[PDB]
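Trainee: This one's experimental. Sequence and coordinates below.
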Amino acid sequence: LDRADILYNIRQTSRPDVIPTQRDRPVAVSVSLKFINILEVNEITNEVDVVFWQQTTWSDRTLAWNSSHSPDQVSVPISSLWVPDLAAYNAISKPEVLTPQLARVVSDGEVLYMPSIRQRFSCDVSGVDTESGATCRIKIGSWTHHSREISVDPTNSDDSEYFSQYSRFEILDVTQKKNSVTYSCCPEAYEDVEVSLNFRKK
Amino acid sequence: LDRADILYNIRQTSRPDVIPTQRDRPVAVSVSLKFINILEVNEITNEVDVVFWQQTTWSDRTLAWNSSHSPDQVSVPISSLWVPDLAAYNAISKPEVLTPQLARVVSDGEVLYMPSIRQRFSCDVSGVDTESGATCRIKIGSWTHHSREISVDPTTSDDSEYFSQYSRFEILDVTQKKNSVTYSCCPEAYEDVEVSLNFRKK
Amino acid sequence: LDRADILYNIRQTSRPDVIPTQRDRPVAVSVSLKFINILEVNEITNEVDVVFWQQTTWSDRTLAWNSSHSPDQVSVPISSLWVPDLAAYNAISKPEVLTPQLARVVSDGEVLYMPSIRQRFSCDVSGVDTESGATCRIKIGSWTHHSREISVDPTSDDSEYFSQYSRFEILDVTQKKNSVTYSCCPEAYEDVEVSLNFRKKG
Amino acid sequence: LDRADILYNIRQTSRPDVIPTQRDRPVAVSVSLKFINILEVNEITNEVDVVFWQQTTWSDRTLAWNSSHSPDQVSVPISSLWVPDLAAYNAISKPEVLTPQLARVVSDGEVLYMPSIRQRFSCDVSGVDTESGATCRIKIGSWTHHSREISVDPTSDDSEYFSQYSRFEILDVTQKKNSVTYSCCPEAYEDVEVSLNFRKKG
Amino acid sequence: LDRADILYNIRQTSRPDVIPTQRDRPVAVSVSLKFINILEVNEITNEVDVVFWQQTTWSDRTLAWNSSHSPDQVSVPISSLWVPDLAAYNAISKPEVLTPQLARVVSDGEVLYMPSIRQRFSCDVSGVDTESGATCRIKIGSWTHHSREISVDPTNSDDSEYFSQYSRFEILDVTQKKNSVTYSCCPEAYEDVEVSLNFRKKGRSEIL
Ligand SMILES: CC(=O)OCC[N+](C)(C)C
Ligand SMILES: CC(=O)OCC[N+](C)(C)C
Ligand SMILES: CC(=O)OCC[N+](C)(C)C
Ligand SMILES: CC(=O)OCC[N+](C)(C)C
Ligand SMILES: CC(=O)OCC[N+](C)(C)C
């Protein structure tokens, strides 16, 4: 098997509209944000503009192949793959993807999609100019799939590992927590990850 | 019947250009806005920038399947479905959809489409800085289908249920009213929902 | 014949690239603007930001069907139809279509496409803050079809749909037809000239 | 041959990717700018915002038809045609096409594509507020085709279509042809240099 | 073979989704930036707005043809070609491509893709108003391909050769360096080119 064959097969038979549930267990989706930059902060309106690297991981066994004498991995356009419908509940602008939209697929079926994203958020910006800093919370969850179809789980490296040293801001701490919430509109629980960003103006 | 089959059938046969009228009764569309955030208000120009959750519900029996030993629901890209052509009569910017464009389809034919939307509106903003607050009205209706083809109806959860606690504004009250209007441009009646948002600066 | 059949036939055969001329007479296209809002006015740069409903009407007999025991009308995506290539000669931004892109087709072949449009124009804004107001002229014509292929012709109240929350008010609207030859092309080109007399509200 | 047949044939034998060279002579492309408006000028940053009408003309003999008892001309979507890859070397924003994207094709093979374009340019703006005015130069050439494949050649009162409501007035427009060798490639690339002499009005 | 045939063949069979590796050696991609303009500089926020030509070059032997009595080269829409997934690590806006999206393909398989791009970057802008100027660094690498699949390499030239004389800024120097980096996220190494742009505001060089 070579890369041409593997990509042909994926394109011909991958089902980007079909959630790859196994045994009607939920698809486990790992999510972790690495912050790259904080661009604009407005303490009056409580809005922040952020660039982040959104690492997303899940299994789709329908993508698997025998890698004995073959590539162990390929890069695939996400339009050819099922991708989880993650949304940030407190976003106030659409996500602007800055990077090429390619996922990495491993022969066992694991998929890694790590786009870089610029997006505005509404959150608590008070204290950004103090020693304690502000604590901004971002909630990311599946938009239409409940906990029995998709479960999200937080995953690492330094919080500033990839954070720009030229930002006006600095990261004090990042914590990631998981939630399961029921909403009035729907019978089922929905999972989300809540990322807490503690940051301040230098 | 598995998801893959259900989604294959819907893609092969749903017809997204055809309004699913039964027995030439109008398609009943339920609409209700849940406000998430009020971002920019300009009392001088009478313009408001709003984020809201537009819950939309209707029946398309052509999507139905026998759910014995089958999923009761699937998520479907809205490009594969008929979707009502709702428009806000007093919008002054195009709707910016913030979330993944997926509708949820139930085996009986019920469709639930609930996008999160950012949009600018022209409305009465006077009094936003008083105790009584301002009352902004948004009219949403089918753009090209008259009352014999589509009827819109509001549906009744608390008003601030999903409203951001970090907005500069707070919601005092939300009411939803139904209208049937004839215009000079056309002979038939057009139904709309009028949502009244009473809000003020905190 | 039901909606599904009518829409299937139109999709299969309608020819969106072909101007529906009959007997080599020009296609008669009716155009009338209904102003909805005036958003930004700059008396210094002579630029105005307008929202308007663009009523456009013409006949395409190739879309006709026998409406005995059939719907008299359907809504059709404009990508399935021939649509006139109208352009505003004094626009300085591309038209932002705010509404669903659907035309209404009658069984006799009449088409009604009426999008809502936000667009910036360069015109005479002087006097906007006086009793007489400013008079802004917008010229709309076929971009590439001359008077033997397409003729445009203007076709109730002025402030009928004009927002009561605008900073501006409409004093008068007149619609005039022109036939112009340019230095570049030997042929003549029809346009409608819409004159908007408006001023700042007290 | 009616218009439907001509357009069917063009669409079916669409090679919009193939430059229509004959006998390995270069395709001769005529270009001339008609300025419509100058919107924003910044003497500090040396940036100008311009609206102009780009008249472009060339032969594609593969589009020809016998026009005996047939239309002499048709309008064709440019996605069905080969179009020259012209770029403005000193542009600092992407071209915003304001008008319908249709070319006019004559039965002999001549093509006429004249879009209206809003674009920002970096050029010499100094002296814009003097009697002599500023002289801004725009260079337009084929981006990837050298002089043996495409030749560009320049070809009416300078302000014939210039808006009388601009803050600026045109003193003079000259068009010059160039043939340049770059460090990147051994071959010469042709361009037209348009010189716009303009000043702030009084 | 004429142009029509060559373009038909490339369209029908070229697999824009398949990296053209030979012998499982990495695809060698050459990258060099030619700066055209620096538009907005903010010393407070450390952001710069740049226009540049991204010259990109690589071999795809699956595009080759026998050029006896045939064109030696064609222009091809990049949607019909494999193109390297380069990204600027310190970009803060998406690249705005200003030019037609066409690559030039030579009969031997060599591809040259040279788009003009406007993009905002986060980098060190301090000293932009001094004689020494600022030194802004831009790192460009393959986003998802590691060093065994894609290697990037910088291409002596004139730095200001295409730089606008009407910019508020002037280029003092440009250097291009190659890196190979391992990240905590992933076991393999990723190559990038680091381009160092030394520039300053005009006016900051007087002797009189
Ligand atoms: C169909 C749909 O949008 O369900 C919404 C679930 N929630 C509340 C997580 C967004
Ligand atoms: C075809 C069409 O746009 O009809 C308009 C109906 N209305 C007034 C609800 C928008
Ligand atoms: C092909 C073409 O654009 O002709 C232009 C006609 N005019 C002057 C009405 C725009
Ligand atoms: C392939 C390519 O972009 O060649 C560039 C020619 N030039 C310098 C006219 C833009
Ligand atoms: C799949 C993927 O995005 O890998 C990331 C490699 N890196 C760190 C160069 C961006």
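Mentor: Received it, and whenever you're ready, just let me know what you need. Residues are numbered from 1 along each chain as shown, chains lettered A, B, ... in the order given. Ligands and ions are numbered 1, 2, ... in the order given.
Trainee: hey, let's count contacts and neighbours off CA atoms from now on
Mentor: Noted.
Trainee: Next, the contact list for the residue positioned nearest the centre of chain A, please.
Mentor: Nearest residue to the geometric centre of chain A (CA atoms, centre = their mean): residue A:54, 3.9 Å. Applying CA atoms under 8 Å, 6 or more residues apart in numbering or on different chains to residue A:54 gives the contacts A:31-34, A:113-117.
Trainee: Just put these in CSV and tack on secondary structure, distance to residue A:100 and neighbour count.
Mentor: Formatted as CSV, the contacts of residue A:54 follow (DSSP: H, G, I helix; E, B strand; the rest coil; distance: CA to CA, whole Å; neighbours: other CA atoms under 10 Å in any protein chain shown):
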residue, secondary structure, distance to residue A:100, neighbour count
A:31, strand, 19, 22
A:32, strand, 19, 22
A:33, strand, 18, 20
A:34, strand, 17, 21
A:113, strand, 10, 22
A:114, coil, 10, 24
A:115, coil, 8, 20
A:116, strand, 9, 25
A:117, strand, 11, 21
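Trainee: about what we covered before: what separation is there between the residue nearest to the centre of chain A and residue B:85?
Mentor: Applying CA to CA, to the nearest Å, the value for residue A:54 to residue B:85 is 34 Å.
Trainee: residue contacts, the closest residue to chain B within chain A?
Mentor: Here chain A gets closest to chain B at one residue, residue A:94, 4.8 Å apart by CA to the nearest CA. By CA under 8 Å, 6+ apart, residue A:94 lies in contact with A:119-120, B:96-99.
Trainee: Which members of those occur in strands, if any?
Mentor: A:119-120, B:96-97 (DSSP state E).
Trainee: who wins for most neighbours among those residues?
Mentor: residue A:120 (21 neighbours; other CA atoms under 10 Å in any protein chain shown).
Trainee: After the host helix or strand of residue A:76, heading C-terminal, what element do we hit next?
Mentor: In this assignment (DSSP states H and E), residue A:76 forms part of strand A:73-77. Downstream of strand A:73-77, the next assigned helix or strand under DSSP H and E is strand A:86-88.
Trainee: how far out from the middle of the chain is that following strand?
Mentor: 8 Å (CA atoms, centre = their mean, to the nearest Å).
Trainee: List the neighbouring strands of it plus their orientation.
Mentor: Using DSSP bridges, strand A:86-88 pairs in its sheet with strand A:134-142 (antiparallel).
Trainee: Can you work out which other helices and strands pack against the helix or strand just after the strand it pairs with?
Mentor: As assigned by DSSP H and E, the chain's next helix or strand after strand A:134-142 is strand A:150-154. The helices and strands touching strand A:150-154, judged by 3 or more CA pairs under 8 Å, 6 or more residues apart in numbering or on different chains; DSSP states H and E, are strand A:27-42, strand A:134-142, strand A:169-182, strand A:189-201.
Trainee: try it again with 10 Å
Mentor: Contact analysis of strand A:150-154 by 3 or more CA pairs under 10 Å, 6 or more residues apart in numbering or on different chains; DSSP states H and E lists strand A:27-42, strand A:47-59, strand A:134-142, strand A:169-182, strand A:189-201 as its packing neighbours.
Trainee: how about these, which one is nearest residue A:6?
Mentor: Smallest distance to residue A:6 across those (CA to CA): 16.9 Å, for strand A:47-59.
Trainee: which neighbours does the closest one have in its sheet, and in what orientation?
Mentor: Strand A:47-59 has its sheet partners listed here by DSSP bridges as strand A:27-42 (antiparallel), strand A:110-113 (antiparallel), strand A:116-122 (antiparallel).
Trainee: closest to ligand 2 out of these?
Mentor: Among these, the nearest to ligand 2 by CA to the nearest ligand atom is strand A:116-122 (32.8 Å).
Trainee: how far away is the residue of chain A found nearest chain D from residue A:37?
Mentor: In chain A, the residue that lies nearest chain D is residue A:98 (17.6 Å; CA to the nearest CA). In this view, residue A:98 and residue A:37 are 13 Å apart by CA to CA.
Trainee: which residues are in contact with both of these two?
Mentor: A:51-53, A:118, E:91-92 (CA atoms under 10 Å, 6 or more residues apart in numbering or on different chains).
Trainee: how about the residues you listed in CSV, adding distance to ligand 5?
Mentor: Shown next, in CSV, are these (distance: CA to the nearest ligand atom, whole Å):
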residue, distance to ligand 5
A:51, 14
A:52, 12
A:53, 9
A:118, 16
E:91, 13
E:92, 15
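Trainee: didn't residue A:182 look like it was pressed against residue A:192?
Mentor: No - Residue A:182 is beyond contact range of residue A:192, at 11.1 Å (criterion: CA atoms under 10 Å).
Trainee: quick one, which of those two is more surrounded?
Mentor: The neighbour comparison of residue A:182 against residue A:192 (other CA under 10 Å) goes to residue A:192, with 28 against 13.
Trainee: hang on, that one packs against residue A:144?
Mentor: No - using CA under 10 Å, residue A:192 makes no contact with residue A:144, being 11.8 Å away.
Trainee: Can you work out which residues contact both of these two?
Mentor: Joint contacts of residue A:192 and residue A:144 (CA under 10 Å, 6+ apart) are A:86-87, A:150.
Trainee: Kindly indicate the member of those with the most neighbours.
Mentor: residue A:150 (24 neighbours).
Trainee: Can you name the residues that contact that one?
Mentor: Counted by CA under 10 Å, 6+ apart, residue A:150 has contacts A:19-21, A:25-29, A:84-85, A:141-142, A:144, A:190-192.
Trainee: which residues does it form a beta bridge with?
Mentor: Going by DSSP bridges, residue A:150 forms beta bridges with residue A:27.
Trainee: Grab the nearest non-local neighbour of whatever residue of chain A ends up closest to ligand 4.
Mentor: Going by CA to the nearest ligand atom, ligand 4 is nearest to residue A:100 of chain A, at 21.2 Å. Closest residue in space to residue A:100, ignoring its immediate chain neighbours: residue E:85 at 6.1 Å, by CA to CA, 6 or more residues apart in numbering or on different chains.
Trainee: State the phi and psi torsions of that neighbour.
Mentor: phi -80, psi 60 (degrees, to the nearest 10).
Trainee: give me the number of residues near residue A:158?
Mentor: With other CA under 10 Å as criterion, residue A:158 counts 12.
Trainee: ditto for residue A:16
Mentor: 15.
Trainee: And for the one 3 residues further on?
Mentor: Neighbourhood size, residue A:19 [other CA under 10 Å]: 21.
Trainee: Close to ligand 1: what parts of chain A are there?
Mentor: A:143-144, A:183, A:190 (CA under 6 Å from any ligand atom).
Trainee: right, and out of those residues, which lies closest to ligand 3?
Mentor: Of all these, ligand 3 sits closest to residue A:143, with 45.9 Å by CA to the nearest ligand atom.
Trainee: I'd guessed the closest one sits against residue A:152; true?
Mentor: No - with contacts counted by CA under 10 Å, residue A:143 stays clear of residue A:152, the gap being 11.6 Å.
Trainee: list residues touching both of those two?
Mentor: Common neighbours of residue A:143 and residue A:152, using CA under 10 Å, 6+ apart, are A:84, A:86, A:190-192.
Trainee: now those residues as TSV including distance to ligand 3?
Mentor: Formatted as TSV, the shared contacts of residue A:143 and residue A:152 follow (distance: CA to the nearest ligand atom, whole Å):
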residue	distance to ligand 3
A:84	46
A:86	45
A:190	54
A:191	55
A:192	53
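Trainee: And for chain A, the residue most distant from the center?
Mentor: Computed with CA atoms, centre = their mean, the maximum C-alpha offset from the centroid of chain A is found at residue A:69, amounting to 32.4 Å.
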